[PDB]
């Protein structure tokens, strides 16, 4: 349903910080997204909340979820771990045409992987979820959206 702007942020430090604030009371976070494109975002935000027990769900396949574990290299994928979560974070790639996932497979994921009473979140770039119609199709509790722009310089 209707999503109201809470606040703005700037830079990577604040991007991680508003996520930490959003999940402050959570024990177990699940990040669901498209392998390759979205996996790095799951690893980045899991790192920011590495105190929690975190998992990565590929596409909408909860049975293939793996632990997001801290190593000397950062966050890496660990063993299969289809435990439900008290915050489920959908990544923007899921909403992409062609395999993002269909809305009914997404709703089944929410039914299966999010514990009853848990929070549904989205983390995306360039307003992907709003643009896909997903604010009307899903009941997000919180969405964090970032925009990216930049420059290439040569020596």
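Residue numbers count along the first chain shown, from 1.
As recorded in the PDB entry, 131-139 is the stretch of 12-20 and 131-139 with the greater mean C-alpha temperature factor. Comparing the deposited coordinates for 86-94 and 100-108, the stretch with the larger average C-alpha B-factor is 100-108. Ranked against the other modelled residues of its chain, the C-alpha B-factor of residue 46 as given in the entry falls in the lowest third. Per the PDB record, residue ranking by Cα B-factor puts residue 58 in the lowest third of the chain.
Annotation for residue 126: CA B-factor lies in the middle third of the chain's modelled residues.
Among the modelled residues of its chain, residue 30 has a C-alpha B-factor that falls in the lowest third according to the deposited record. In the deposited entry, the Cα temperature factor of residue 68 places it in the middle third of its chain's modelled residues.
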